[PDB]
Amino acid sequence: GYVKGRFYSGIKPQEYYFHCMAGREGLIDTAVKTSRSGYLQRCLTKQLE
DNA sequence: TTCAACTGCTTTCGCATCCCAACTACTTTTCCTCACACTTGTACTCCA
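Numbering of the first sequence is given in PDB author numbering, commencing with residue 980 and proceeding in unit increments.
See below:
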C-alpha cells in the first residue's frame, strides 16, 4: 500500500483500492462516536454550579 | 466478615363473533276476459 502516485497525475487501480481503505478508517471511527462527552460535562457542572 | 440481585444513569435541535353482497327462484300484488250449468216455450210429429 505504498502509493507512489499523486493526485496531479492520478493513481493506479491497485493503489486506488488501498486509498479507499484509508478513507474509510476515519469514517468508521466517527461511526463508533455516538455519545461520548455529553454526560461528563453535566456531572461537573451540576456539582460546580 | 463476604455473595448475590435489584438499579438509575450515556444527547443536544430536528427529522421520521358480526355484517355486507350475488343470482336465480318464487311469489305475491291485483286487474281484466269469458265460460258453464240451469230453464219455458216452440217445433215435429205422437195416438186418439
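Positions of the beta carbon are idealized from the N, C-alpha and C atoms, including for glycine.
Those residues which DSSP pairs with residue i across a bridge
| i | result |
| --- | --- |
| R985 | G989 |
Contacts around residue i, its chain only, beta-carbon distance under 8 Å, and the 5 residues preceding and following it disregarded
| i | result |
| --- | --- |
| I990 | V982, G984 and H998 |
Close beta carbons around residue i, own chain, < 6 Å, minus the five adjacent residues each side
| i | result |
| --- | --- |
| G980 | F997 |
Same chain, Cβ closer than 7 Å to residue i, five either side skipped, listed in chain order
| i | result |
| --- | --- |
| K1012 | none |
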